[PDB]
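Enquirer: What follows is a single structure, and I will ask about it in a moment.
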2 protein chains.
Amino acid sequence: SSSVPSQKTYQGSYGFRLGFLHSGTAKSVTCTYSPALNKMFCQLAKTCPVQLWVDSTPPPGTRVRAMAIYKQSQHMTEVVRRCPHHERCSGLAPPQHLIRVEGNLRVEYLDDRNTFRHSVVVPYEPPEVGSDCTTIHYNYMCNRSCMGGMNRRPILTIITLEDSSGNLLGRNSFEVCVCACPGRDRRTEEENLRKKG
Amino acid sequence: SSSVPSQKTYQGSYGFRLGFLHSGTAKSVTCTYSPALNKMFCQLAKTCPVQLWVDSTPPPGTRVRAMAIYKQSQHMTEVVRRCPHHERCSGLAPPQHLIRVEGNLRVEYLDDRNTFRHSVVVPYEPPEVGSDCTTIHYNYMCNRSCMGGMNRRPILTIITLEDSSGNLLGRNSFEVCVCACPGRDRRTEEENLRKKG
DNA sequence: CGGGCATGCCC
DNA sequence: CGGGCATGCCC
Ligand SMILES: [Zn+2]
Ligand SMILES: [Zn+2]
């Protein structure tokens with residue numbers, strides 16, 4: 001019984017995929033996504049819109065869960081949590097949770113009783129009409145560099161689509177780097193990929 | 001009734017002054033003192049020997065107190081304390097105290113009931129015989145850069161010599177920078193002083 | 001807003 | 001051990 005959740009992409013029978021908005025070119029843009037690295041660069045405590053795309057409409061009662069895990073093998077089995085500084089100076093969200101959802105009246109924050117991992121869950125809502133996706137506003141409450149938290153360790157966010165019975169319907173993931181200057185750090189990484197990847 | 005303790009040098013009638021040991025040239029020497037800047041550069045949680053020199057022998061019951069205060073006017077009135085990370089992962093010393101004394105069976109840690117400032121106190125002991133000074137081993141439990149603690153703000157350590165009745169007998173102070181590479185940072189600062197001081 | 005320095009750590 | 005990069009922030 002592993003305590004490390006799968007990160008394997010599983011688009012499933014509903015054709016579940018993630019979308020991200022294009023952003024500005026600014027050195028310190030608040031949120032920016034790199035398709036080449038499948039990686040979000042964003043600033044702490046600010047909005048990161050993630051779009052949910054499906055080919056088929058999930059059944060009523062379907063839920064959307066987000067959870068962070070460390071990306072490197074050496075840190076994979078350690079629970080991702082808020083650093084003690086940002087925990088201390090911290091409504092519904094427990095202070096130890098890294099990932100929050102804003103703008104949803106039905107958000108649930110879970111602390112797994114066996115694996116101790118944190119996750120945040122909202123109801124899946126189908127797009128309104130004309131629209132092809134549904135947007136969730138996530139918030140990361142620490143910088144990747146936070147001492148006693150992520151401590152410079154890369155993380156993945158895993159988004160899972162789950163029915164009310166608990167069956168996995170779909171899964172996707174993206175890397176996240178919460179940092180002061182997302183535009184600078186995105187360009188630096190893409191350039192490093194080009195020259196020495 | 002101010003809550004900012006004096007840092008003014010007061011050598012007093014006993015001729016109280018501080019001494020510091022000369023150290024190596026290494027980039028990451030554990031402790032090194034700059035006479036030009038009256039400034040200690042040291043690594044966290046490691047020994048910083050400070051020598052006490054007097055011209056006249058203090059009376060029995062004399063105490064030696066150390067306390068940190070922020071050096072800049074803008075931060076002067078804020079209590080210097082341990083960051084929440086190093087407080088959490090922390091015998092006699094309360095976890096919130098930045099400055100500890102090692103190797104003394106009579107150490108007292110005080111949290112002032114009116115000003116809320118932290119200090120650590122030991123008995124003054126006169127030099128043994130032949131020696132001209134007495135050494136106290138101090139420990140700083142955070143880096144200057146610790147988020148939620150010093151947060152990159154320069155500090156002074158104020159050493160006061162006090163009689164058992166509480167009269168101030170002498171006072172001296174030095175700046176402290178707790179950092180990963182004290183030798184590098186000392187040379188950088190002395191060079192900056194030379195070129196643009 | 002982008003340039004550029006200080007500083008912890010690389011693996 | 002010293003060189004040198006990443007990254008938060010300068011004031
Ligand atoms: Zn944090
Ligand atoms: Zn600290």
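Ligands are numbered from 1 in the order shown, residues from 1 within each chain, and chains are lettered A, B, ... in the order they appear in the structure tokens.
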Mind dumping a table of every chain D residue within 10 Å of chain A, with the nearest atom pair and its distance in Å to one decimal, using only C-alpha atoms (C1' of nucleotides), sorted by chain and rising number, as a tab-separated table?
Expert:
residue	atom	partner	partner_atom	distance
D:6	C1'	A:185	CA	9.2
D:7	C1'	A:180	CA	7.7
D:8	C1'	A:180	CA	6.5
D:9	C1'	A:180	CA	8.8
Enquirer: Could you write out as an MDAnalysis selection string the residues of chain B within 12 Å of chain A, counting only C-alpha atoms?
Expert: chainID B and resid 82:89 142:143 145:149 151
Enquirer: Rounded to one decimal in Å, what is the spacing between atom CA of residue 66 of chain B and atom CA of residue 178 of chain B?
Expert: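 Separation of atom CA of residue 66 of chain B and atom CA of residue 178 of chain B: 15.9 Å.
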Enquirer: So that I can check the surroundings of residue 194 of chain A, please list as a VMD selection string every protein, DNA and RNA residue that reaches within 12 Å of it, counting only C-alpha atoms (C1' of nucleotides) and ignoring chain neighbours fewer than 5 positions away.
Expert: chain A and resid 36 to 37 187 to 189
Enquirer: What residues in segment 1-182 of chain A get the DSSP label strand (DSSP E)? Please answer as a PyMOL selection string.
Expert: chain A and resi 17-19+31-34+39-42+47-53+63-70+99-102+108-111+118-123+134-140+155-162+168-178
Enquirer: Atom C1' of residue 2 of chain C to atom CA of residue 43 of chain A: how many Å, to one decimal?
Expert: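 Computed distance, atom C1' of residue 2 of chain C to atom CA of residue 43 of chain A, equals 17.4 Å.
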